[PDB]
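Single-structure report; data block below.
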Amino acid sequence: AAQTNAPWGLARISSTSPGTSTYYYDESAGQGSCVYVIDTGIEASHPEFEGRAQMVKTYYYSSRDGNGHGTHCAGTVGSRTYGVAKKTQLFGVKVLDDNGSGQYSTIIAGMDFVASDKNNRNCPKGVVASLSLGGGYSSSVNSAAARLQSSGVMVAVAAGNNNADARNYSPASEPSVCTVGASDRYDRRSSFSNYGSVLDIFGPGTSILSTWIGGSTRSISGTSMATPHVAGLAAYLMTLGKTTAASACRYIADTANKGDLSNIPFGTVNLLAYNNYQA
């Protein structure tokens with residue numbers, strides 16, 4: 001399949017070269033996979049989700065995305081127009097309040113919830129979790145991601161937006177999950193994108209156009225918006241049977257576009273998410 005005038009980030013993960021505008025992808029589009037978006041929630045009524053999005057857990061007075069961040073990332077995972085896996089199921093876990101903040105205990109509880117709730121769902125092609133959130137280092141937030149990953153969920157986490165080594169950030173620094181950094185439309189590391197040895201892969205993260213609350217669209221920048229690109233790709237590749245949850249991060253790393261990024265610090269991997277789709 002092909003999406004003309006796709007968001008540049010979509011076009012980038014189907015292209016070896018920057019600056020293209022068409023998103024090429026297998027038509028299976030992540031059907032049969034599930035991606036938990038652990039965030040502010042999802043405006044599941046957004047027409048761009050076509051009923052493929054639903055809230056399954058909130059840790060606040062409402063399950064509504066009164067922020068837009070979670071709807072934005074869910075859009076990059078599986079929205080019709082702005083999404084990588086346009087057929088995947090999206091489940092919303094609202095661990096961030098409508099101001100984008102959230103305590104560690106509640107983010108651990110949401111990760112612990114996904115690891116169980118997945119056994120309640122139909123995801124024959126496997127389960128992915130996109131975590132477009134972060135904070136200071138925590139062994140207990142790290143271990144929760146490791147538990148979610150070990151339970152059989154592909155865990156993609158943002159590296160953080162601190163222009164620093166991600167090893168001081170959580171869940172970013174947890175070794176076993178897929179720590180995702182942000183690139184930009186000219187194949188540079190995003191000015192804010194964290195780096196370091198713990199990073200496994202880079203994704204489009206600067207000026208990402210996706211869904212927003214109120215049925216609108218918005219472009220925002222952040223490693224939080226690169227994560228859903230890799231989550232979506234993970235669901236995509238898992239639906240294709242190319243990988244599994246346990247090895248999806250390694251596979252995306254092996255099949256990435258190597259060495260395409262500028263201002264990648266020494267010791268940080270130079271790998272850009274890439275579906276390697278051949279029409």
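Going by the structure tokens order, chains are called A, B, ..., each with residues numbered from 1, while ligands are numbered from 1 in the order shown.
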With a cut-off of 12 Å, could you pull out the residues of region 27-83 of chain A touching region 221-228 of chain A and give me the nearest pair of atoms for each, distance in Å to one decimal, using only C-alpha atoms, ordered by chain and ascending number, as JSON lines?
```
{"residue": "A:35", "atom": "CA", "partner": "A:228", "partner_atom": "CA", "distance": 9.2}
{"residue": "A:36", "atom": "CA", "partner": "A:228", "partner_atom": "CA", "distance": 10.2}
{"residue": "A:37", "atom": "CA", "partner": "A:228", "partner_atom": "CA", "distance": 8.2}
{"residue": "A:38", "atom": "CA", "partner": "A:228", "partner_atom": "CA", "distance": 10.4}
{"residue": "A:39", "atom": "CA", "partner": "A:224", "partner_atom": "CA", "distance": 9.7}
{"residue": "A:40", "atom": "CA", "partner": "A:224", "partner_atom": "CA", "distance": 12.0}
{"residue": "A:69", "atom": "CA", "partner": "A:224", "partner_atom": "CA", "distance": 8.7}
{"residue": "A:70", "atom": "CA", "partner": "A:224", "partner_atom": "CA", "distance": 9.7}
{"residue": "A:71", "atom": "CA", "partner": "A:228", "partner_atom": "CA", "distance": 10.9}
{"residue": "A:72", "atom": "CA", "partner": "A:225", "partner_atom": "CA", "distance": 7.9}
{"residue": "A:73", "atom": "CA", "partner": "A:228", "partner_atom": "CA", "distance": 5.6}
{"residue": "A:74", "atom": "CA", "partner": "A:228", "partner_atom": "CA", "distance": 7.0}
{"residue": "A:75", "atom": "CA", "partner": "A:228", "partner_atom": "CA", "distance": 8.3}
{"residue": "A:76", "atom": "CA", "partner": "A:228", "partner_atom": "CA", "distance": 5.6}
{"residue": "A:77", "atom": "CA", "partner": "A:228", "partner_atom": "CA", "distance": 5.0}
{"residue": "A:78", "atom": "CA", "partner": "A:228", "partner_atom": "CA", "distance": 8.8}
{"residue": "A:79", "atom": "CA", "partner": "A:228", "partner_atom": "CA", "distance": 10.9}
{"residue": "A:82", "atom": "CA", "partner": "A:228", "partner_atom": "CA", "distance": 10.7}
{"residue": "A:83", "atom": "CA", "partner": "A:228", "partner_atom": "CA", "distance": 8.6}
```
Sorted by chain and rising residue number, which residues of region 165-203 of chain A lie within 7 Å of region 14-32 of chain A, and what are their closest atom pairs and distances in Å to one decimal, counting only C-alpha atoms, as a Markdown table?
```
| residue | atom | partner | partner_atom | distance |
| --- | --- | --- | --- | --- |
| A:185 | CA | A:18 | CA | 6.4 |
| A:186 | CA | A:18 | CA | 6.0 |
| A:187 | CA | A:18 | CA | 6.3 |
```
Can you write just those residues out, N, CA, C and O atoms, as a PDB file, in the first residue's frame?
```
ATOM      1  N   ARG A 185      13.245  15.842  10.164  1.00  0.00           N
ATOM      2  CA  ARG A 185      12.945  15.619   8.752  1.00  0.00           C
ATOM      3  C   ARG A 185      14.168  15.739   7.849  1.00  0.00           C
ATOM      4  O   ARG A 185      14.087  15.366   6.674  1.00  0.00           O
ATOM      5  N   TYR A 186      15.292  16.242   8.360  1.00  0.00           N
ATOM      6  CA  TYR A 186      16.544  16.271   7.615  1.00  0.00           C
ATOM      7  C   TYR A 186      17.545  15.252   8.142  1.00  0.00           C
ATOM      8  O   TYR A 186      18.749  15.390   7.905  1.00  0.00           O
ATOM      9  N   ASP A 187      17.061  14.237   8.860  1.00  0.00           N
ATOM     10  CA  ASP A 187      17.893  13.147   9.367  1.00  0.00           C
ATOM     11  C   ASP A 187      18.970  13.654  10.321  1.00  0.00           C
ATOM     12  O   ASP A 187      20.104  13.174  10.321  1.00  0.00           O
TER      13      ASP A 187
END
```
### Query
Which residues in region 44-249 of chain A does DSSP call helix (DSSP H, G or I)? List them as a PyMOL selection string.
chain A and resi 69-78+104-120+139-150+166-168+223-239+248-249
### Query
So which one's closest to residue 209 (chain A), A:154, A:246, A:10, A:240? Using only C-alpha atoms, please.
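Result for the nearest residue to residue 209 (chain A): A:10.
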Find the nearest atom pair between each residue of region 184-221 of chain A and region 46-66 of chain A for residues within 10 Å, count only C-alpha atoms, give distances in Å to one decimal, sort rows by chain and ascending number, and present the table as a tab-separated table.
```
residue	atom	partner	partner_atom	distance
A:210	CA	A:48	CA	9.5
A:211	CA	A:48	CA	7.2
A:212	CA	A:46	CA	8.3
A:213	CA	A:65	CA	7.0
A:214	CA	A:46	CA	7.5
A:215	CA	A:46	CA	5.1
A:216	CA	A:46	CA	8.2
A:217	CA	A:48	CA	9.8
```
